[PDB]
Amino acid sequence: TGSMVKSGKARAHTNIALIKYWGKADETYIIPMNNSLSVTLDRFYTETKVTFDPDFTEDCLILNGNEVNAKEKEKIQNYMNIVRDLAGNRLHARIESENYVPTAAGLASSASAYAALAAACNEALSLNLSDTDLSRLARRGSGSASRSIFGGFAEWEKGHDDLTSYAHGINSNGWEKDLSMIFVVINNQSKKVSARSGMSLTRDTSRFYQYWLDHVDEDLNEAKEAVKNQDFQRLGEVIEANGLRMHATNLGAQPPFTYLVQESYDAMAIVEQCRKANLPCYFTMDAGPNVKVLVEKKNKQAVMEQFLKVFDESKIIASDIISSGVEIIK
């Protein structure tokens, strides 16, 4: 609000990978081993304001109304260095961010977080970045954030370097408007292996990683053709298989691990029962036990009702798919 003070605020929505990003070719720049395909969710998002002021001497992150720890403080300061290099300036920022994402329920916040921050910085400093360069900037903070620049279906092109690795939105003739995702919240323990660490151990040591690589391009192609034709069953079958293959890779790591628990398998079983009961739907899982169930909007209520026979109402949470991308807000 004062002169010499530059601020910007953005809202960016989370996204869920249907064809998985799993393993980095370049750990420092976050370049992936394979392309990925995601859908951006309407219900869950991060709002982030950044304020650059010549009088600030270091960057500060206030998250959900509270100061972050020294660890997170260091992480955010290193990311802002990237931003300062891009902008050609030396200004430090006060960052105030709120996650509107059920993180206690295990949903991931890094995709919306880094997409929001990149967009906020772009607005604050008038960088005039293209969506491509916003995607590249967000990517540097978290790989999945590259995709949250966009709404609906989005694809992260792996590229081969910092300049070529980024996402773009896929037009699906408005198909995203007909689809929903139900989150089945499942309890794990022993603290989670972050996606970054897990995928690193797997990419580095898994005896089944080559199997993943040999099939991921075929899956992505199949999925994209399914999107062109708005063929729900065809999309579902391939993404469900792809998700399972990603978890298979962890089983081959040295030593093996899994994100899935018996309750996860219970939820998958319910999805298959829904399919056999003329209620088409398909599941996927990320770096934890939650099961995400892709379903057509017309069937959302019904599928949820099947889950509600078994799971607490608090643990069944649905979202539609949003069509628009990252937003600049007040």
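Note that residue numbering follows the sequence shown and begins at 1.
Peer 1: At a threshold of one third of the other compared entries, does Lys191 come out as unmodelled?
Peer 2: Yes, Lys191 lacks coordinates in at least a third of the other compared entries.
Peer 1: Comparing 124-132 with 138-146, which stretch shows the greater average C-alpha B-factor in the deposited entry?
Peer 2: According to the entry, 124-132 carries the higher average C-alpha B-factor.
Peer 1: Tell me which of 269-277 and 35-43 has the higher mean C-alpha B-factor in the deposited entry.
Peer 2: Higher of the two, by average CA B-factor, is 269-277.
Peer 1: Specify which of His160, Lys228, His168, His215 carries the largest Cα B factor in the deposited PDB entry.
Peer 2: Among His160, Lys228, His168, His215, the highest C-alpha B-factor in the entry belongs to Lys228.
Peer 1: Could you tell me which one of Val261, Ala287, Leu294, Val303 shows the highest CA temperature factor in the PDB record?
Peer 2: Top of the list by C-alpha B-factor: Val303.
Peer 1: Going by what the PDB entry lists, where does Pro256 fall on CA B-factor within its chain: lowest, middle or highest third?
Peer 2: As the PDB entry reports it, the C-alpha B-factor of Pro256 lands in the lowest third of its chain.
Peer 1: Comparing against every modelled residue in the chain, figure out the third that the C-alpha B-factor of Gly88 lands in (lowest, middle or highest).
Peer 2: It falls in the top third of the chain.
Peer 1: Ranking every modelled residue in this chain by its Cα temperature factor as given in the entry, which third contains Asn81?
Peer 2: Ranked within chain, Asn81 CA B lands in the highest tercile.
Peer 1: With respect to C-alpha B-factor, does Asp178 fall in the lowest, middle or highest third of the chain as deposited?
Peer 2: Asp178: CA B-factor falls in the highest third of its chain.
Peer 1: Sorting the chain's CA B-factors, does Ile317 end up in the lowest, middle or highest third?
Peer 2: It belongs to the middle third of the chain when residues are ordered by C-alpha B-factor.
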